[PDB]
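**Q** Structure below; questions to follow.
Just so you know, all these numbers are worked out from the coordinates, no wet-lab data involved. Ideal geometry is used to build each Cβ from the backbone, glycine not excepted, and the neighbour counts take in all protein chains shown.
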Amino acid sequence: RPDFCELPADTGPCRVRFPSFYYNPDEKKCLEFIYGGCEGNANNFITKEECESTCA
Amino acid sequence: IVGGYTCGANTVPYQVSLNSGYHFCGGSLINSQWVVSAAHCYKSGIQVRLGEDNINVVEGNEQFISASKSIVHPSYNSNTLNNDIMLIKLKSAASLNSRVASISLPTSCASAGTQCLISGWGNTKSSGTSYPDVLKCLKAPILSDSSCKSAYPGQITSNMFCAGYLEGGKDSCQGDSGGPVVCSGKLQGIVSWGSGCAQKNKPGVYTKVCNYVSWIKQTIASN
Ligand SMILES: [Ca+2]
């Protein structure tokens, strides 16, 4: 599983609403977060399925 | 909006919801056929929702109208968010009334310390996710350029200003982009960006609408 799965959720600076998922290592699952539409990091999935597949 | 209050239905009648399936951005009605929002809110196929209070329940005063054109500022820089302004033309003119009303454009820039009304359906939590059904409101002052530049070194252009509370607790947030900052009855700002929401020394950053009043007028005349 890639290193980015360890990165914290990063909404980025923009203030749009994009429902997203990130892998949380302390909870050993993919959780919802709100992505603002710009910047952020690679721990950012449109689907829970892909998040689990990649990081869980 | 974090740390705000419930506006009350249709008390901010120039506030619109931009909708591509769900609410994603706000905007401000500036006349019967045109809406000002942020360039970073651009999507093809936006539906504009006017007269909203509870965005999740049709209550009877709404007008949903498709966007016919969405025109991003020609100098919009998606990397620095410089010139973060967009004009949306409505497929058909809205029906203006007490619940659906335009907001005036500035005739001079606002100065630091001026109190503004910032509004939207964005996240209400500085740590967590909670979206409101109803429109939220926040009264916040414009901050000095030195405070804004100190918070965000090298990031603040002459087309941006900060508004909010350096002590934290009260801010716009994700879901509020493109919505209004109204000061003395004039549209002075558009919700643009910030570092987190309602964090200490990280105030909201807002497009400086007074720098675009000719562009708005010329774009309207041209389209
Ligand atoms: Ca409604």
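**Q** Tell me which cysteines of chain B come out unpaired when the rule is another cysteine's Cβ under 4.7 Å.
**A** Singleton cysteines: none in chain B.
**Q** Next question, about the same structure. Principal axis extents for chain B, Cα atoms only, whole Å, descending order, please.
**A** For chain B, the Cα spread along each principal axis is 44, 37, 30 Å.
**Q** Report the Stokes-Einstein translational diffusion coefficient (µm² s⁻¹, integer) for the range B:66-127, Rh taken as the Kirkwood radius over Cα pairs, at 4 °C with viscosity 1.567 mPa s.
**A** 83 µm²/s
**Q** Still on this structure: So how strong a dipole does chain A carry about its Cα centre when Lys and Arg Cβ are +1 and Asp and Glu Cβ are -1, to the nearest 20 debye?
**A** 180 debye
**Q** For the protein assembly as shown, what does the alpha-carbon gyration tensor say about shape, rounded, prolate or oblate, given a ≥ b ≥ c as the root eigenvalues, a/c under 1.5 as rounded, and a/b over b/c as prolate?
**A** It is prolate, given that a/c is not under 1.5 and a/b is the larger ratio.
**Q** Taking each residue of B:170-181 in turn, how many C-beta atoms of other protein chains fall within 10 Å of its C-beta, and what is the average?
**A** Mean shielding by partner chains, rounded to a whole number: 3.
**Q** Could you give P(r) for the range B:29-83, binned at 10 Å from zero, as whole percent values over all Cα-Cα pairs?
**A** Spelled out per bin, shortest first, that is 20, 43, 28, 9, 0.
**Q** Mean shadow of the range B:151-223, computed from the convex hull of its alpha carbons, in nm²?
**A** 5.8 nm²
**Q** Ok, one more. Of the listed pairs B:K43/B:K136; A:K29/B:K170; B:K69/B:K200, which have alpha-carbon separations greater than 28 Å here?
**A** Result: A:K29/B:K170; B:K69/B:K200 exceed 28 Å.
**Q** Pop out the Kirkwood hydrodynamic radius of chain A from its pairwise C-alpha distances, inverse of mean 1/r, in Å to one decimal.
**A** By the Kirkwood definition, the hydrodynamic radius is 11.0 Å.
**Q** Above 21 Å lies some portion of the pair distances; for the range B:1-95, what is it as a whole percent of all C-alpha pairs?
**A** Tail fraction, whole percent: 32.
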